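Colleague:
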Amino acid sequence: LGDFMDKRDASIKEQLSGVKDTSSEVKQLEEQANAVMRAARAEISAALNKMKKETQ
Amino acid sequence: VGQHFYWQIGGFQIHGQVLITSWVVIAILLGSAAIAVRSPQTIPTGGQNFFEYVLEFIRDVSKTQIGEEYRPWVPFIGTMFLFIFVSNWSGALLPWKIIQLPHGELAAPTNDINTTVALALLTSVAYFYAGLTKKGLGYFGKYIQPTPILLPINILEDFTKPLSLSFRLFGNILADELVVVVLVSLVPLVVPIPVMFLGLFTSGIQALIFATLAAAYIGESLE
């Protein structure tokens, strides 16, 4: 019964740990979210600016 | 009316009135463990709904009191608490009238001196065993000294603290014993029913008070 009770408490802790993994990976991916468009688009844009200068 | 003995000789004249009562109450307590919860569950079940509430209550009254080292003493609280209050149920509630033991008189375990002095001595030397590991191995019982007023003391008090909780339960079981027997000795059973609920009051109250009492001794014992 001690095992069963600490299993209850650790099950609460484990669903909390799943919600915490969710909350951390949300921050990571949502940082990636605008950053992927920024990386691709600005890498095209500034390289375009420099190529356009040398071709002027 | 006679609390002394059962004539069960064991070489050294042991009391059987303690023996059979202790046996039956111990047996019912250990045998309620699998009324419906022989395969326990996270989702509470038949016996689970009984046992787990008691376990959580014991954790409540113990970890606050006992201290950081709560776990080595979780049996210590639950055994004494459950055993004593269920045995008080069996002592104030369970009848044995029309069949009487030819040697002695049996209604309760804690009736005789030996039962409760044994339990009290158990708790108090458990305090001392706690102080063995959890205090200076030189001085554990006679450690403290203020500006000297306590030179023979801190052990004279714990000489009688076992005696304290023993007599505490002594008089309280003899209390409900006498209150139950005297009104039936006066007049038939249907008249004392107004105060049989009073006799049941302290019978149900002894659970939490003895739990926190010996748990307070154990919380002293953490040191």
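First to last, the protein sequences are chains J and a.
For the first sequence, the positions run 112 to 167 when the deposited numbering is used.
For the second sequence, the positions run 22 to 244 when the deposited numbering is used.
Yeah, the Cβ is synthetic: ideal placement off N, Cα and C, and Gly gets one too.
1) Taking C-beta to C-beta, are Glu244 (chain a) and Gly152 (chain a) nearer than 8 Å?
2) Could you tell me which chain a residues have their CB closer than 9 Å to the CB of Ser122 (chain J), listed as they occur along the chain?
3) In whole angstroms, give me the CA-to-CA distance for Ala113 (chain a) and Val200 (chain a).
4) Report the residues of the stretch 57-84 of chain a with a CB closer than 9 Å to any CB of chain J, ordered along the chain.
5) CB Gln86 (chain a) to CB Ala196 (chain a), shorter than 8 Å?
6) Could you tell me whether any Cβ in chain a is nearer than 8 Å to the Cβ of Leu127 (chain J)?
7) Shorter than 8 Å from the beta carbon of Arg149 (chain J) to some beta carbon of chain a?
8) In three-state DSSP terms, what is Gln126 (chain J)?
9) Can you give the beta carbon distance from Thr131 (chain a) to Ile194 (chain a), rounded, assuming they're within the 8 Å contact cut?
10) What's the C-alpha gap between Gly125 (chain a) and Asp114 (chain J)?
11) Which two residues bound the contiguous alpha helix (DSSP H) that contains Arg80 (chain a)?
Modeller: On the basis of the data shown:
1) Their beta carbons are under 8 Å apart, which means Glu244 (chain a) touches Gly152 (chain a) by this criterion.
2) Neighbours of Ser122 (chain J) on chain a, chain order: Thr63.
3) Rounded to the nearest angstrom, the two C-alpha atoms are 10 Å apart.
4) So the close ones are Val58, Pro61, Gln62, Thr63, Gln69, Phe72, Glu73, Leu76, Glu77 and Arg80.
5) Not in contact: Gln86 (chain a) and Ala196 (chain a) (Cβ atoms no closer than 8 Å).
6) Output row for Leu127 (chain J): interface = no.
7) At a cut-off of 8 Å, the C-beta of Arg149 (chain J) has no neighbouring C-beta in chain a.
8) Here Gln126 (chain J) sits in helix by DSSP.
9) With 8 Å as the limit, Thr131 (chain a) and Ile194 (chain a) qualify as a contact, their Cβ atoms being about 5 Å apart.
10) Between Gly125 (chain a) and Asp114 (chain J), the C-alpha separation is close to 43 Å.
11) For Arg80 (chain a), the enclosing alpha helix (DSSP H) begins and ends at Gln69 to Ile87.
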